[PDB]
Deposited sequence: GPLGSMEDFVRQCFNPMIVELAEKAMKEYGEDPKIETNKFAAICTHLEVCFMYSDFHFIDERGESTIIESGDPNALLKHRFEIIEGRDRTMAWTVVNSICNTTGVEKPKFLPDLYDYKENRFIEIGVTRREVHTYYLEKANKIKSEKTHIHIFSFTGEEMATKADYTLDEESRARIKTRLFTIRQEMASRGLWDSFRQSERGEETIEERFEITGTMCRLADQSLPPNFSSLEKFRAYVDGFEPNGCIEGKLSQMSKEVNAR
């Protein structure tokens, strides 16, 4: 059987995650009931951001609050202000971080992200549903254990999707941003 991705999302992500992901989609004219593969990808990326985070979370916040927090950091510190909202701030390494979760080739996604943000200061850390990862300057920020826990959660999501006949389509549907 092929299950419903909306039903999977609502049952297999934390509701706080789901709600924030709905907001994020409603904000850009996308319907979580329609673009369900995207809805799941959005929840996944949110969960990864929250797992990864020492850190200020930017992702998930209303855009007004998110920019307020970003500007607040950029002038408590003196870090260059990003052109696009990042996902986190690392107080230890004094840098913003963009987090990616991809079902495509990690190098492909990494450079897409590098080319969009055009920043020499923002760190990029990409995770795949395969266990592969790629991070700016081969600086992985977190310890082995913390990153293996992220990759393990990605395997759980994938296998749960597979269980419901959802992985095939989900894995094939990612486009460039």
What ranges of the deposited sequence, counted from 1, have no C-alpha atoms in this structure?
1, 55-79, 204-261
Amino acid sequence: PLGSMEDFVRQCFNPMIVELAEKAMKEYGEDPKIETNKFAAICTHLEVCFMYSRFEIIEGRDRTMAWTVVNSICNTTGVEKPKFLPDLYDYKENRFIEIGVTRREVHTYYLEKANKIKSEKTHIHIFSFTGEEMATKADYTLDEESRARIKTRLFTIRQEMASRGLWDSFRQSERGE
From here on, numbers count along this sequence of modelled residues.
Which has the higher mean CA temperature factor in the PDB entry, 7-15 or 162-170?
7-15
Of the two stretches 103-111 and 80-88, which shows the higher Cα B-factor on average in the entry?
80-88
So if I compare the CA B-factors in the entry for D139, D62, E27, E47, which one is the largest?
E27
When the entry's CA B-factors for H125, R147, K33, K38 are compared, the highest one belongs to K33
Entry-reported C-alpha B-factor of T68 relative to its chain, by third, is lowest
